[PDB]
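Colleague: Please see the structure below; I have some questions.
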Ligand SMILES: NS(=O)(=O)c1ccc(C(=O)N2CCC(O)(c3ccccc3)CC2)cc1
Ligand SMILES: [Zn+2]
């Protein structure tokens, strides 16, 4: 992807992506608006299992689109299973999408409501051996999405907030060990699930989306720090990393299932 030029600006944003990635207008694109009244309870959905006790974080990277907290996924240490999933999915990284204002920022919406941000915990199906092979499969990834609203601070998020100063610009990375992703989860694991895609180019249709109903609360100071990051690289004109979210896409021939 050394020649990719997509972004979130007026000239390379979501409405332009289809030119280089035609799948942008595909049959199972994400995100989507979750109409809570139309989603149907599916009593066959097995309980969701989030096993992050042995998670091993390694580094945090500003990739020019968001920042990723990466994990060691060379072993089954932090896995997601159950719910609508068949098999074991290993945590590889998490990142967020956020806005320039508290009134926008999330990718998925709930009855058209936009949250201040959205956390994506990305996992890949171990039956495919590695992440690169998994994204070529319809059931290759499972992304656990969690909404963020502004209110009380999330103590478990502070370690991330404080390290952002070291990765202000595109390409910067910093050691980020011993971070516990369990501190970013809400109390309830009630969720909505549907078949979708990566929300950024290449927009591959390889994701089983599991979006939690309960948002976590973060403080204004915490999200404000996210907005101080840069899309640009060091020594380049400063462009604040804000509004790095793709808007809701057509649901088309899909049904959103609720676990509750
Ligand atoms: N917001 S999202 O849908 O949760 C998401 C998750 C991961 C990525 C990601 O890491 N990308 C996309 C896939 C990627 O382009 C790729 C493609 C093919 C092989 C290996 C990696 C690598 C970069 C992008 C978006
Ligand atoms: Zn994402």
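Residue numbers (the deposited numbering): 0 to 125, 127 to 260.
Beta carbons: idealized from backbone N, C-alpha and C, even for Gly.
Just verifying my parser: in three-state terms, what is the DSSP assignment at residue 51?
Modeller: Coil, per DSSP.
Colleague: Any heavy atom of ligand 2 closer than 7 Å to the beta-carbon of residue 94?
Modeller: Yes, since a heavy atom of ligand 2 falls inside the 7 Å radius drawn around the Cβ of residue 94.
Colleague: How many Å lie between residue 143 and residue 189 at the Cα?
Modeller: Computed Cα separation, rounded: 14 Å.
Colleague: Note down, in chain order, each residue of its chain lying with its Cβ closer than 6 Å to the Cβ of residue 151, except the 5 sequence neighbours on either side.
Modeller: Cβ neighbours of residue 151 beyond the five flanking positions: 217.
Colleague: Any heavy atom of ligand 2 closer than 7 Å to the Cβ of residue 107?
Modeller: No.
Colleague: Quick check: residue 165 and residue 111, are their CB atoms within less than 8 Å of each other?
Modeller: Taking 8 Å as the Cβ cut-off, residue 165 and residue 111 do not qualify as a contacting pair.
Colleague: Consult DSSP for residue 209 and reduce its assignment to one of helix, strand or coil.
Modeller: Looking at residue 209 - three-state DSSP - the assignment turns out to be strand.
Colleague: Would you kindly report the start and end of the unbroken alpha helix (DSSP H) that includes residue 159?
Modeller: Its alpha helix (DSSP H) spans residues 158–163.
Colleague: If residue 92 and residue 69 are in contact, beta carbons under 8 Å, what's the gap, nearest whole angstrom?
Modeller: Rounded, the Cβ-Cβ distance is 5 Å, consistent with contact.
Colleague: Which runs of the alpha helix (DSSP H) fall wholly inside the region 161–242 and span at least 4 residues, in chain order?
Modeller: If we require 4 residues or more, the alpha helix (DSSP H) runs fully inside the region 161–242 come out as 220–226.
Colleague: Looking at residue 65 and residue 20, is the spacing between their C-beta atoms short of 8 Å?
Modeller: It is not a contact, given that the beta carbons lie outside the stated cut-off.
Colleague: When you compare only the Cα positions, how much space is there between residue 195 and residue 176?
Modeller: If you take the alpha carbons of residue 195 and residue 176, they lie about 32 Å apart.
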